[PDB]
């Protein structure tokens, strides 16, 4: 099946990404606090709902938080400022907070049920966000010999996410806060602050990257150049 591509809101970042974030893939964005990760997640949750000539997939969204990150009013702001109905955009986002890493795993199973339900409607799920994907795994699996079990559990969780991406033609978008540990995303994007309030993105280990860095801002429209 053809790969779909969701615009980030930034033409610079879209170009770096080859047109947008891909369905049938896990894209990981990582960086320090304040680097733009959560703002990119909120923007994507709006952009994916647009028609394709506006960079979207006419898609619904599922969002798993590990920390308290999701802000429905920020969604409303981004939508309103892009010419959309803010409250209609909220109706196409399903949100859950993971209590711990085991609950996080169950939530992915439940996500599959909604994905199946919507698959052959005109607003199938096209974006699954997992914010701070490793945060519970890092707090729970700690101490001597914890590395092996933590990374094994993570690998399984990531395999479950890859399966949903590939089986249902969804973009999976995950964030993490700052090797040598394993990583299993399709594409890894490093974000950092730049001058003038900008953010800078770089692809990590993607030799089929035409080399470069993207520059973008965080505004009332979410992410833009």
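Positions refer to the first chain, counted from 1.
> Quick one: across the other PDB entries of this protein we compared, is residue 208 left without coordinates in at least a third of them?
Other entries vs residue 208: at least a third skip it.
> Check the residues of the deposited sequence separating residue 178 from residue 179 and report how many of them have no coordinates, as none, 1 to 3, 4 to 9, or 10 or more.
Per the deposited record, the segment joining residue 178 and residue 179 lacks coordinates for 4 to 9 residues.
> When the Cα temperature factors in the entry are averaged, is it 81-89 or 126-134 that ends up higher?
According to the entry, 81-89 carries the higher average C-alpha B-factor.
> Mean CA temperature factor from the deposited coordinates, higher in 62-70 or in 30-38?
Per the PDB record, 30-38.
> Between 146, 96, 118, 106, which carries the biggest CA temperature factor in the record?
Spelled out: the listed residue with the top C-alpha B-factor is 146.
> Reading the B-factor column of the entry, which of 44, 182, 165, 50 has the highest value at its C-alpha atom?
When the deposited C-alpha B-factors of 44, 182, 165, 50 are compared, 182 is largest.
> Test of reading the entry: by CA B factor among the chain's modelled residues, which third contains residue 210?
Highest third - that is where residue 210 ends up once the chain's C-alpha B-factors are sorted.
> For the chain shown, is the CA B-factor of residue 159 in the lowest, middle or highest third of its modelled residues?
As the PDB entry reports it, the C-alpha B-factor of residue 159 lands in the highest third of its chain.
> For residue 204, does the deposited CA B-factor place it in the lowest, middle or highest third of the chain?
Highest third - that is where residue 204 ends up once the chain's C-alpha B-factors are sorted.
> Check where residue 6 lands among this chain's C-alpha B-factors and tell me if it's the lowest, middle or highest third.
Tercile = lowest for this residue's CA B-factor.
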